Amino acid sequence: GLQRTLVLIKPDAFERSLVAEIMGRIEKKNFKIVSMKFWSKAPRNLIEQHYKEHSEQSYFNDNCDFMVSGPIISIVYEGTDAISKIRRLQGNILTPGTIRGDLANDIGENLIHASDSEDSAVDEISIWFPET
């Protein structure tokens, strides 16, 4: 049955004009935009919240700084097994066929974020879309 998951199109996707490329990959796998906001600049604490479970990490600040270094889009996708399948679609820069595997080559600038659990999903959605 349906799930929703949260996707962030990161600022590097704007710098490299891969926004539509990334969104189309999730679009062609038959997922739907239930919700979506463009942020010319995401307010920092939104980003910090979104990555709060990373607050103790070596990279936490640099990543938030990067995540704030350009536009981003937050999308709520709905579809069967959305969370897992979009996560897979995201992939990683070592796995060709996925978004990062095909278009990304950095440990921070990797184009996209996607929720990895029902709970991070539910959580991340409330962050970028509080009004529900």
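Residue numbers run from 1 along the displayed sequence.
**Q** Quick one: higher average CA temperature factor, 24 to 32 or 52 to 60?
**A** According to the PDB entry, the answer is 52 to 60.
**Q** Going by what the PDB entry lists, where does residue 12 fall on CA B-factor within its chain: lowest, middle or highest third?
**A** Lowest third, going by the recorded CA B-factors of the chain.
**Q** Split into thirds by Cα B-factor across the chain's modelled residues, where does residue 86 land: lowest, middle or highest?
**A** Lowest third of the chain for residue 86's C-alpha B-factor.
**Q** For residue 41, return the chain-relative third of its C-alpha B-factor as stated in the PDB record: lowest, middle or highest.
**A** It falls in the top third of the chain.
**Q** Which third of the chain does residue 18 land in by C-alpha B-factor: lowest, middle or highest?
**A** Ranked within chain, residue 18 CA B lands in the lowest tercile.
**Q** Mind checking which third residue 78 falls in for C-alpha B-factor across the chain?
**A** According to the entry, residue 78 has a C-alpha B-factor in the chain's middle third.
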